[PDB]
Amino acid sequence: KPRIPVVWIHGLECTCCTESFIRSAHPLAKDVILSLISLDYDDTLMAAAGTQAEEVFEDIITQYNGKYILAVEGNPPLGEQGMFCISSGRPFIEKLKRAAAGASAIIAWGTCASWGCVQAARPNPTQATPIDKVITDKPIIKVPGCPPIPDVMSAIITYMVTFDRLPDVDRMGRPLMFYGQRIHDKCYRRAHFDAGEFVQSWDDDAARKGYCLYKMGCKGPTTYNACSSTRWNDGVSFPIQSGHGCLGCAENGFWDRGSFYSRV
């Protein structure tokens, strides 16, 4: 039986969300690509380049008009007439608009596509702009994080294939399943927060006992994600477990909320 067409495009980005996706432990990204979806365009992985890649893009968005999922990594820059990000000699934004017009639904992978991420941090030299300020007539599912958790990305994809519908979202368009609760509301160091048991300098005795990272700038109290529950890299760790406070990397504007080491 045919697999759901997916077109994956890349604006200004660092490719972390693509790398996250391929870390998926269950299902393996191999099995997502071979058996669950038809990944029909993706600059990172596809054989074709140049005019052969342009032909794939055109062929898929034409033949599967109205029927493909558009995955977007990164964002369009409005500066220099969009030519801070060029594809096939034209502004990236034109490729984003063409791909968006034929899509059934749009997944905004990562904080870049969702909100702006590092290139939109002050002073935003390129005028990098999240997808939902350019595409205003299509369902957009925001999957924020820098990058989002590998097994969250694959679980969102399996949900859509298995249940044949988009995940239910909060008022910001984030899937309730993984973004409904704050990091701090499922943090294994919360006992120490509640007791006033804090790391005060790196590698102090508190740090060596896994005390709370609030006074070291942890932004877990204002960050919605699944890092303290689902965790990272097949459950191996997450930022706080390995001794660094949450940066707040799933939240809009997290680069410009003051130092990562200044308290929430």
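The first residue of the sequence shown is number 1, and the count goes up from there.
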Mean Cα B factor from the PDB record: higher for 74-82, or higher for 160-168? 160-168
Of 99-107 and 150-158, the one with larger mean CA B-factor: 99-107
In this PDB entry, which of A195, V199, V32, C218 has the top CA B-factor? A195
Determine which member of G89, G145, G116, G180 has the highest CA B-factor, using the values in the deposited entry. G89
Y41: which third of its chain by C-alpha temperature factor? middle
Position of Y214 among the chain's modelled residues by C-alpha B-factor, lowest, middle or highest third: middle
Splitting the chain's C-alpha B-factors into thirds, which one does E58 fall into? highest
Sorting the chain's modelled residues by C-alpha B-factor, tell me whether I69 ends up in the lowest, middle or highest third. highest
Test of reading the entry: by CA B factor among the chain's modelled residues, which third contains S229? middle
